[PDB]
Amino acid sequence: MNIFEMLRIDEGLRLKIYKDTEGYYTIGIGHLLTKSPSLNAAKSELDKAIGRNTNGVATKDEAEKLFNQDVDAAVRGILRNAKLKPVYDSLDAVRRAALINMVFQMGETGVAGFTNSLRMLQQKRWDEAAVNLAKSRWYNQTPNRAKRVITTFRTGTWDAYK
Ligand SMILES: [Cl-]
Ligand SMILES: [Cl-]
Numbered sequence: 001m002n003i004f005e006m007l008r009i010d011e012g013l014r015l016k017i018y019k020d021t022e023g024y025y026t027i028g029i030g031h032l033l034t035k036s037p038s039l040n041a042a043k044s045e046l047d048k049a050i051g052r053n054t055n056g057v058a059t060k061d062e063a064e065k066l067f068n069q070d071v072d073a074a075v076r077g078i079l080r081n082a083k084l085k086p087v088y089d090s091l092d093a094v095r096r097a098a099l100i101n102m103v104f105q106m107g108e109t110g111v112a113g114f115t116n117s118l119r120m121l122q123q124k125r126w127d128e129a130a131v132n133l134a135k136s137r138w139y140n141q142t143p144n145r146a147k148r149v150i151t152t153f154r155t156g157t158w159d160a161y162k
């Protein structure tokens, strides 16, 4: 298992513009297009992302390219973030993937706000962190996915994904 396969399981793959769990237009492997209520605005962002008149549809290769770009951006965001970097640096490889997953879903800002959990993770207080992570809108809105990521931070194994 690795970050790509992990996120592929969590996000799925859809080749036509769809609405995510929050009702925002997305495409491919969890690639958010826009928070705007307008389908046209979404089609326009899709075309600009892929570089062609797509008509709201992407091919598999295109979706996978957006995915590679997004994972790369998530990592790079973490490394540039003063609150995130130190946590990431302190973690083992598996847990690092858990942190990337969270950033991919909610953004640098979103995750950087889990101040208390981040400190616990940095301290390697696994069970405590897991408890704190669960007291969040994130967990209440997408509990199955959140449980998978949490278990990952708790155990440092990929058991939740197997
Ligand atoms: Cl893009
Ligand atoms: Cl879920």
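Reading the sequence shown from the start, the letters are residues 1 to 162 in the entry's author numbering. Quick reminder that beta carbons are idealized off the backbone N, C-alpha and C, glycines included.
Those residues whose C-beta sits under 7 Å from the nearest heavy atom of ligand 2 are, from N- to C-terminal order along the chain, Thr142, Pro143, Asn144, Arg145 and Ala146. Within the model, the alpha-carbon separation for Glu128 versus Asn68 is close to 33 Å.
For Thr21, the three-state secondary structure derived from DSSP is coil. The continuous beta strand (DSSP E) containing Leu33 extends over residues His31 to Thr34. Beyond the five residues adjoining it in sequence on each side, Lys19 comes within less than 8 Å, by CB distance, of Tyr25 and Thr26 in the same chain, given in chain order. Secondary structure at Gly77: helix, using DSSP grouped into helix, strand and coil.
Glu22 sits exposed, since fewer than 16 C-beta atoms from the chains shown fall within 10 Å of its C-beta.
Judged by DSSP secondary structure, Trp138 falls within the alpha helix (DSSP H) whose first and last residues are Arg137 to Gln141. DSSP places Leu84 in the coil class of the three-state scheme, outside both helix and strand.
Per DSSP, reduced to three states, the secondary structure at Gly113 is coil, with no helix or strand assignment. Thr26 is bridged by DSSP to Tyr18 and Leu32. Beta bridge pairing from DSSP links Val57 with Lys16. Between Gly77 and the set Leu33, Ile100, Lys124 and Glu5, the nearest pair of CA atoms involves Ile100. In summary, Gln105 is buried, with 16 or more beta-carbon neighbours lying within 10 Å of its beta-carbon over all protein chains present. No heavy atom of ligand 1 is found nearer than 7 Å to the CB of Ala93.
The three-state secondary structure of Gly156, taken from DSSP, is coil.
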